[PDB]
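Colleague: Mind having a look at this structure? Questions to follow.
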Amino acid sequence: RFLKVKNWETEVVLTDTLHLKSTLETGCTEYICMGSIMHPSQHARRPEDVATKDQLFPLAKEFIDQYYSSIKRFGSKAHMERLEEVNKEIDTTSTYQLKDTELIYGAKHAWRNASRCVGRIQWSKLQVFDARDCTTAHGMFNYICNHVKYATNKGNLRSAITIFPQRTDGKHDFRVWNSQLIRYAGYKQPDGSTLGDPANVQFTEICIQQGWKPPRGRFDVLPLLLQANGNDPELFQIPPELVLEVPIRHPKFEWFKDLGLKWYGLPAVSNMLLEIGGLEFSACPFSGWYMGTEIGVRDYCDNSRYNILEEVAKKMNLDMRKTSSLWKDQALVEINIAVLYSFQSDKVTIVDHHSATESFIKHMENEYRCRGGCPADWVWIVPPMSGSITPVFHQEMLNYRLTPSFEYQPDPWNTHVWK
Amino acid sequence: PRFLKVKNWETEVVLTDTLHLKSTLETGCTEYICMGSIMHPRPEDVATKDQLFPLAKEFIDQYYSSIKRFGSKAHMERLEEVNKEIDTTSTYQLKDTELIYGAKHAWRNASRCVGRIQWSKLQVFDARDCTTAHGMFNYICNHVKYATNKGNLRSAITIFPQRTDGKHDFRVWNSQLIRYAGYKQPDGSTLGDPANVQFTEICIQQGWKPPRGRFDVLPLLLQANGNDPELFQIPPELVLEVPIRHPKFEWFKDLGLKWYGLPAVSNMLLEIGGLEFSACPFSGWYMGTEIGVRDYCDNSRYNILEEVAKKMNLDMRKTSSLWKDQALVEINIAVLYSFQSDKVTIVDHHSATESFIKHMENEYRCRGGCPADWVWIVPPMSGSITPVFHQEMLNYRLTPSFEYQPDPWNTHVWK
Ligand code: HEM
Ligand code: HEM
Ligand SMILES: CN(C)CCc1cc(F)c(F)c(CCc2cc(C(F)F)cc(N)n2)c1
Ligand SMILES: CN(C)CCc1cc(F)c(F)c(CCc2cc(C(F)F)cc(N)n2)c1
Ligand SMILES: C[C@H](O)[C@H](O)[C@H]1CNc2nc(N)[nH]c(=O)c2N1
Ligand SMILES: C[C@H](O)[C@H](O)[C@H]1CNc2nc(N)[nH]c(=O)c2N1
Ligand SMILES: [Zn+2]
Numbered sequence: 304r305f306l307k308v309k310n311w312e313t314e315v316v317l318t319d320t321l322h323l324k325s326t327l328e329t330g331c332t333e334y335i336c337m338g339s340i341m342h343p344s345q346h347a348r349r350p351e352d353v354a355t356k357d358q359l360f361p362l363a364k365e366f367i368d369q370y371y372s373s374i375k376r377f378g379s380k381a382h383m384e385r386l387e388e389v390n391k392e393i394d395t396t397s398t399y400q401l402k403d404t405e406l407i408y409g410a411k412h413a414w415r416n417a418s419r420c421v422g423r424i425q426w427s428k429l430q431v432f433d434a435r436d437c438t439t440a441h442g443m444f445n446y447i448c449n450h451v452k453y454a455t456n457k458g459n460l461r462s463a464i465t466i467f468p469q470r471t472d473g474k475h476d477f478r479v480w481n482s483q484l485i486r487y488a489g490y491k492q493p494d495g496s497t498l499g500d501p502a503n504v505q506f507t508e509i510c511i512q513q514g515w516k517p518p519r520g521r522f523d524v525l526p527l528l529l530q531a532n533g534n535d536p537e538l539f540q541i542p543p544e545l546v547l548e549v550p551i552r553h554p555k556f557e558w559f560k561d562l563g564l565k566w567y568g569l570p571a572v573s574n575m576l577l578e579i580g581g582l583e584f585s586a587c588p589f590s591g592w593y594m595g596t597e598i599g600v601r602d603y604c605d606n607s608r609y610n611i612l613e614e615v616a617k618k619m620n621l622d623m624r625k626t627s628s629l630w631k632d633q634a635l636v637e638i639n640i641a642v643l644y645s646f647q648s649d650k651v652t653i654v655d656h657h658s659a660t661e662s663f664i665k666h667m668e669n670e671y672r673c674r675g676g677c678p679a680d681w682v683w684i685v686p687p688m689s690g691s692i693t694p695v696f697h698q699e700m701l702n703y704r705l706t707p708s709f710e711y712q713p714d715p716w717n718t719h720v721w722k
Numbered sequence: 303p304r305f306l307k308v309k310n311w312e313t314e315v316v317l318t319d320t321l322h323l324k325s326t327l328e329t330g331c332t333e334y335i336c337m338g339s340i341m342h343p349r350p351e352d353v354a355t356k357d358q359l360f361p362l363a364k365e366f367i368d369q370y371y372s373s374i375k376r377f378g379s380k381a382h383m384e385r386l387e388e389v390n391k392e393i394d395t396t397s398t399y400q401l402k403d404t405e406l407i408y409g410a411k412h413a414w415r416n417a418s419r420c421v422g423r424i425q426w427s428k429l430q431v432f433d434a435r436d437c438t439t440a441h442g443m444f445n446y447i448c449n450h451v452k453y454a455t456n457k458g459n460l461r462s463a464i465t466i467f468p469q470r471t472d473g474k475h476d477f478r479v480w481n482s483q484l485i486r487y488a489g490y491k492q493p494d495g496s497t498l499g500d501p502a503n504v505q506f507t508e509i510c511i512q513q514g515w516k517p518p519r520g521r522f523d524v525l526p527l528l529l530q531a532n533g534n535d536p537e538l539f540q541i542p543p544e545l546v547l548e549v550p551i552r553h554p555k556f557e558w559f560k561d562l563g564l565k566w567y568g569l570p571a572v573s574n575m576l577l578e579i580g581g582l583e584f585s586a587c588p589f590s591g592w593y594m595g596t597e598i599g600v601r602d603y604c605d606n607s608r609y610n611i612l613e614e615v616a617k618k619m620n621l622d623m624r625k626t627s628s629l630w631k632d633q634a635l636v637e638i639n640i641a642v643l644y645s646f647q648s649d650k651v652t653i654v655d656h657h658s659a660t661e662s663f664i665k666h667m668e669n670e671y672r673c674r675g676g677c678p679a680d681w682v683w684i685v686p687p688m689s690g691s692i693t694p695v696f697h698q699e700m701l702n703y704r705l706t707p708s709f710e711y712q713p714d715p716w717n718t719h720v721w722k
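Here it is as structure tokens:
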């Protein structure tokens, strides 16, 4: 039928019909809900490698119909010709190439349909760099450097995606092996502990195993590990003057700066797959700007990440013998004031979780008003601190899967046969 | 499939859920859309004879299985005996053992409840002989006094007669057994608890003489056998209360704040074997954030962030200062400090969530699963620094269960 979502703080009720265009399984059934599973479904739309014609063309016709609907053509001359063009193409190459207009429409709409992203109010303001002519790891490096430089924009951050050649036969994939374009190494210490970012211990070891000489610090920017057309990946060092970094200080605790903490300014997801009309872009690094809690709650305070809660609490002179003192909670707040005060002072774009979630509510309103819906994953939209004092906490959401979309994909080292 | 798997992304522990195969009723999701954040996805609708027969059977089978007597002579004769009642009376009566098992497992099956590590230690008060609202008051006073235990709180449930035709329901009209009155002022302000303004109006209309203060314990509005509800004042010496002070801020006690010790849900329906127990108030003890985050700091509730932040001398001209977050923590420190100091049972969100992970893992071990509602299990503050945040969960409905039911003033036929 049609489904209402209610906000329990304001009583606003929105009526969703967009969900009737969803195509892929969520993982839930009438009997089981998988809303907190990280990767619930394996329901693809095309399979394994090079698809047959009855597999690829129907997904292609769907996207071409959607795009031409979007611009109030549809059935027009260009639409019908574009159909016959894609059809001849799949007959002669088993794939097809998107026009520049289609590529831009698909990237933006992948962002617009990403249920887990609180930042989608900006979706239509996305700079797309077409890198489909790229042939080598060096060329991917050059494209990524220009990406990182354009996106950073001396701190006034700008949204971008750079789109390398689509998958052909599955053995010629372009990949960025780094999960984000800029991350810190994680070093396995002999005395069992971990230096740097512990999430990157494996990837940091692949880098070392590939020739990288680690400086062995707490904030070593990792090299890029770039794979072009299925070949072995290659290491490249991002010029540090393109890597904007913010030293973390606290507006009250003068001792905070003495913690020797910094973070980088540009979040840049580079291990996801962008799916458009059955085409799969296995290398599509995209970037935007941070929500402060991403750095200061998750990066800094997860137990398997930087885990700095105890040391900050120690400096704060907090009773850390029992949880009911809420010392973790108190430090957590202060760290996130620090991150926000630092980025803002160095005029690096950042948004707090209050303003960020307020904007998403406004985006939800806009999307129901003009599109009849907005897929939204509550579990990922609600921020990891102060959930209930943000408006999304009180907002019912519907989650469904629209195409074009960003998908997860296996880490290429589980997959790649070397040579 | 015969097995679904859940992973903890912080610990890498992976558990295998077989128990979801035994779930029977809807979650609200479809195969193409998830409704995991929807809060709620007829009175004459009492089960028919043929409807009730498999529900009873499934429940009795489950019960004899649990006591390792499945297929036994006593099992078969119980089944036979339940069947005869449904045939003859169009309903049946639970034995005392079954009632206790049913109510414990409704708590066990409550996917939204983080405190379920305690489910088997539940004191069950059988009140199926009650016939009038005065009798209900007597039962509920005894529940309160037993559960409160001078601050050393004990979880309990009082079960009133089950539904018959939908026209003789027993109902506690209160949502909780102890709540504070809310009063809307002519100028648009609200005195007391803004969440309780509607029910406060019902009581006053029923005759309640309101003190018009900020912490007026509301009266009980008790409905027996489908008659109009009646008012009773819980004796004030049974309502344990805690003044809220701060361990560091001298001024906090000057906010005049206090809360009650006993959380006691009274508007939910307990469903066992197809039978509906429309009045079944249960109580435990608080997790700190229920008071500290939601009761005090929701904009729709007491909304004292601004007053606390002011007395904290915080910069409130821009959100990015995180003055709200900073004030919310201290309020929650105060709530925990004050209960602990007065030796009233309370649990903080870190201990509670950690215990629930242990609980979940045990339930996977001994039961084959544990349905759980991540949207609700995760505390309303500091979510990611508590271990449940990183814990994948599967949500599904098992019976016996606790269910929502429509508010009684929306359906009652006044006499
Ligand atoms: C511009 C400001 C943006 C903000 C503040 C923002 C914020 C967020 C946050 C907080 C998450 C939660 C995931 C996590 O916490 O790890 C997320 C997820 C996501 N975002 Fe955005 N984002 C922004 C831009 C973008 C852009 C430009 C794209 C794509 C072009 C994008 C696509 C996604 C996707 C695909 C996910 C889900 C990724 C996953 O499942 O791991 N976002 N975003
Ligand atoms: C023993 C201490 C207990 C603690 C600390 C506890 C904690 C909680 C919390 C925090 C919630 C979420 C409530 C909300 O945010 O509105 C909840 C929900 C719930 N609890 Fe427990 N609880 C306890 C005992 C019990 C008992 C004894 C029962 C019944 C016998 C019970 C049944 C439920 C149910 C049915 C829900 C879901 C409420 C709903 O769906 O609206 N709980 N619990
Ligand atoms: C699996 N978990 C641990 C990942 C944690 C994580 C570590 C990182 F370094 C990192 F950059 C991210 C980006 C999320 C993100 C992406 C984007 C988009 F513009 F690209 C914008 C934004 N604001 N946030 C996430
Ligand atoms: C449906 N929701 C939105 C209502 C909000 C709400 C407001 C309140 F005042 C209140 F007390 C509760 C108690 C839940 C609860 C129940 C129990 C159990 F032992 F009874 C223990 C516990 N710790 N908590 C919930
Ligand atoms: C919209 C959303 O489902 C709703 O606000 C939920 C979110 N999670 C919750 N979790 C708990 N414990 N209590 C609640 O009232 C809610 N409310
Ligand atoms: C278990 C749960 O699915 C997992 O911890 C999720 C929960 N919500 C999240 N929300 C965001 N924004 N980011 C995350 O990584 C996660 N992780
Ligand atoms: Zn679901």
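Residue numbers (UniProt numbering), protein chains in the order written: chain A, 304 to 722; chain B, 303 to 343, 349 to 722.
Heads up, the beta-carbon is just placed ideally off N, CA and C, and yes, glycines get one too.
Can you tell me the Cα-Cα spacing of B:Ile393 and B:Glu365, whole angstroms?
Modeller: Walking along the second sequence from the start, residue 393 of chain B turns up at place 86. Walking along the second sequence from the start, residue 365 of chain B turns up at place 58. Between B:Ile393 and B:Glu365, the C-alpha separation is close to 14 Å.
Colleague: Along the chain, where does the alpha helix (DSSP H) containing B:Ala463 start, and where does it finish?
Modeller: Counted from its first residue, the second sequence places residue 463 of chain B at position 156. Unbroken run through B:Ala463 is the beta strand (DSSP E), 463-466; no alpha helix (DSSP H).
Colleague: On the criterion of 16 or more Cβ atoms from any shown chain inside 10 Å, does B:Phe377 qualify as buried, or is it exposed?
Modeller: Working through the second sequence from its first residue, we reach residue 377 of chain B at position 70. It is exposed - the Cβ of B:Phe377 has fewer than 16 other Cβ atoms within 10 Å.
Colleague: Starting from B:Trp566, follow its DSSP beta bridges and name the residues at the other end.
Modeller: Residue 566 of chain B sits at position 259 when you count from the first residue of the second sequence. Answer is B:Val549, bridged to B:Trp566.
Colleague: Please list the residues of the region 607-632 of chain A that have a C-beta atom closer than 8 Å to any C-beta atom in chain B, keeping them in chain order.
Modeller: Flagged, chain order: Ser607, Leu612, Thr626, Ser627, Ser628, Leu629, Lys631, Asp632.
Colleague: Taking C-beta to C-beta, are A:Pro687 and A:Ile664 nearer than 8 Å?
Modeller: If you number the first sequence from 1, residue 687 of chain A lands on position 384. If you number the first sequence from 1, residue 664 of chain A lands on position 361. No, these two residues do not count as a Cβ contact at 8 Å.
Colleague: Would a C-beta distance cut-off of 8 Å place B:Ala440 and B:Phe589 closer than the cut-off?
Modeller: For the purposes of this step, residue 440 of chain B is identified with residue 133 of the second sequence, where counting begins at 1. For the purposes of this step, residue 589 of chain B is identified with residue 282 of the second sequence, where counting begins at 1. In this structure, B:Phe589 does not lie closer than 8 Å to B:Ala440 by Cβ.
Colleague: State yes or no: is the beta carbon of B:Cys331 nearer than 8 Å to at least one beta carbon in chain A?
Modeller: Within the second sequence, the letter at position 29 stands for residue 331 of chain B. It does; some Cβ of chain A falls within 8 Å.
Colleague: What are the start and end residues of the beta strand (DSSP E) that includes B:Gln530?
Modeller: By one-based count along the second sequence, residue 530 of chain B stands at place 223. Segment 527-530, the beta strand (DSSP E) holding B:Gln530.
Colleague: Are there any heavy atoms of ligand 5 lying less than 7 Å away from the beta-carbon of B:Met341, as far as the coordinates show?
Modeller: Along the second sequence, read from residue 1 onward, the residue named residue 341 of chain B stands at position 39. True, at least one ligand heavy atom lies under 7 Å from that Cβ.
Colleague: Starting from the Cα of B:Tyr408, find the closest Cα among B:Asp714, B:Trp716, B:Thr706 and give me that residue.
Modeller: Within the second sequence, numbered from 1, the residue matching residue 408 of chain B stands at position 101. With distances taken between Cα atoms, B:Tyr408 lies closest to B:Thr706.
Colleague: Specify which residues have a beta carbon nearer than 5 Å to any heavy atom of ligand 7, listing them in chain order.
Modeller: Answer in sequence order: A:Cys331, A:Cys336, A:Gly338, B:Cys331, B:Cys336, B:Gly338.
Colleague: Candidates B:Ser627, B:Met700, B:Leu582: which alpha carbon is nearest B:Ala413's?
Modeller: What you label residue 413 of chain B is simply residue 106 of the second sequence in a count that begins at 1. Of the candidates B:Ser627, B:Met700, B:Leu582, the one whose C-alpha sits nearest the C-alpha of B:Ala413 is B:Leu582.
Colleague: What residues in its chain sit with their C-beta under 6 Å from that of B:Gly499, if we drop five residues either side in the sequence?
Modeller: For the purposes of this step, residue 499 of chain B is taken as the residue at position 192 of the second sequence. Contacts found: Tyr487, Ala488, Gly489, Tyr490, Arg521.
Colleague: Comparing C-alpha positions only, which one of B:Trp426, B:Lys560, B:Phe305, B:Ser397 sits nearest to B:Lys411?
Modeller: Position 104 of the second sequence, counted from the start, is the residue given in the question as residue 411 of chain B. Checked all of B:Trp426, B:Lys560, B:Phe305, B:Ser397; the closest Cα to B:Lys411 is B:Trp426.
Colleague: Rounded to a whole number of angstroms, what is the C-alpha to C-alpha distance between A:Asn639 and A:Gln530?
Modeller: Here the question's residue 639 of chain A lines up with position 336 in the first sequence. Here the question's residue 530 of chain A lines up with position 227 in the first sequence. Cα to Cα, A:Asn639 sits roughly 36 Å from A:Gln530.
Colleague: Please say whether A:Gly338 and B:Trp311 have beta carbons closer to each other than 8 Å?
Modeller: Counting from 1 along the second sequence, the entry for residue 311 of chain B is found at position 9. Counting from 1 along the first sequence, the entry for residue 338 of chain A is found at position 35. Result no, Cβ atoms of B:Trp311 and A:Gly338 do not sit closer than 8 Å.
Colleague: By how many angstroms is the C-alpha of B:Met575 removed from the C-alpha of A:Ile684?
Modeller: Against the first sequence, residue 684 of chain A aligns to sequence position 381. Against the second sequence, residue 575 of chain B aligns to sequence position 268. Near 29 Å, if we compare the C-alpha coordinates of B:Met575 and A:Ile684.
Colleague: Can we count B:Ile464 as close to ligand 2, meaning its CB is less than 7 Å from some heavy atom?
Modeller: Within the second sequence, the letter at position 157 stands for residue 464 of chain B. True, at least one ligand heavy atom lies under 7 Å from that Cβ.
Colleague: Is the region 689-704 of chain B touching the region 319-328 of chain B in the sense that three or more CB pairs, one from each, lie closer than 8 Å?
Modeller: Judged by Cβ distances under 8 Å, the region 319-328 of chain B makes contact with the region 689-704 of chain B, as three or more pairs qualify.
Colleague: Quick check: what's the CA-CA separation for B:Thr718 versus A:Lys309?
Modeller: By one-based count along the second sequence, residue 718 of chain B stands at place 411. By one-based count along the first sequence, residue 309 of chain A stands at place 6. Cα to Cα, the separation comes out at about 23 Å.
Colleague: So which residues of chain B does A:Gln647 contact, with C-beta pairs closer than 9 Å?
Modeller: Translated into positions along the first sequence, residue 647 of chain A becomes position 344. In chain order: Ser627.
Colleague: May I ask which residues mark the beginning and end of the beta strand (DSSP E) holding A:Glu637?
Modeller: Within the first sequence, residue 637 of chain A is the residue found at index 334, counting from 1. Run containing A:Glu637: none in the beta strand (DSSP E); it sits in the alpha helix (DSSP H), 630-648.
Colleague: Select from the region 579-609 of chain A all residues with a C-beta closer than 9 Å to any C-beta belonging to chain B, and list them in chain order.
Modeller: Under the 9 Å Cβ criterion, the region 579-609 of chain A contributes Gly595, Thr596, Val600, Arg601, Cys604, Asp605, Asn606, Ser607.
Colleague: Mapping the DSSP letters down to three states, classify B:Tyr593 as helix, strand or coil.
Modeller: The sequence position of residue 593 of chain B within the second sequence is 286, counting from 1. Three-state DSSP puts B:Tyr593 in a strand.
Colleague: If you reduce the DSSP assignment to three classes, tell me which class A:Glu314 lands in.
Modeller: Counted from its first residue, the first sequence places residue 314 of chain A at position 11. If DSSP states are grouped into helix, strand and coil, A:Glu314 belongs with coil.
Colleague: Under a CB-based cut-off of 8 Å, is A:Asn702 close to chain B?
Modeller: One-based indexing of the first sequence puts residue 702 of chain A at position 399. By this cut-off, A:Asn702 is an interface position.
Colleague: Mind checking which residues open and close the beta strand (DSSP E) that includes residue 288 of chain A?
Modeller: This structure cannot speak to residue 288 of chain A, because chain A is shown only from 304 to 722.
Colleague: Which residue's Cα is closest to the Cα of B:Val316: B:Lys307, B:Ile509, B:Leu323, B:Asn449?
Modeller: Residue numbering aside, residue 316 of chain B sits at position 14 when the second sequence is read from its first letter. The candidate whose alpha carbon is nearest that of B:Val316 is B:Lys307.
Colleague: From what residue to what residue does the alpha helix (DSSP H) around A:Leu582 run?
Modeller: The residue given as residue 582 of chain A occupies position 279 in the first sequence. Run containing A:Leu582: none in the alpha helix (DSSP H); it sits in the beta strand (DSSP E), 582-584.
Colleague: At the level of alpha carbons, what is the spacing between A:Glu388 and A:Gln400?
Modeller: Here residue 388 of chain A is taken as the residue at index 85 of the first sequence, counted from 1. Here residue 400 of chain A is taken as the residue at index 97 of the first sequence, counted from 1. Each residue's alpha carbon lies about 10 Å from the other.
Colleague: Could you round the C-beta distance between A:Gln430 and A:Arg461 to whole angstroms and report it? I think they count as a contact, below 8 Å.
Modeller: In the first sequence, counting from the first residue as 1, residue 430 of chain A sits at position 127. In the first sequence, counting from the first residue as 1, residue 461 of chain A sits at position 158. Indeed they touch by this definition, with Cβ atoms about 6 Å apart.
Colleague: Could you pull the start and end residues of the beta strand (DSSP E) that A:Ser658 belongs to?
Modeller: Here residue 658 of chain A refers to the residue found at position 355 of the first sequence. Premise fails: A:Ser658 lies in the alpha helix (DSSP H), 656-674, not in any beta strand (DSSP E).
Colleague: Ignoring anything shorter than 4 residues or poking outside the region 353-433 of chain B, list the alpha helix (DSSP H) runs there in chain order.
Modeller: DSSP runs (the alpha helix (DSSP H)) wholly in the region 353-433 of chain B: 356-373, 380-396, 403-415.
Colleague: Determine the direct distance from the alpha carbon of A:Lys391 to that of A:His656, and round the result to whole angstroms.
Modeller: Against the first sequence, residue 656 of chain A aligns to sequence position 353. Against the first sequence, residue 391 of chain A aligns to sequence position 88. Their backbone Cα atoms lie some 49 Å apart in a straight line.
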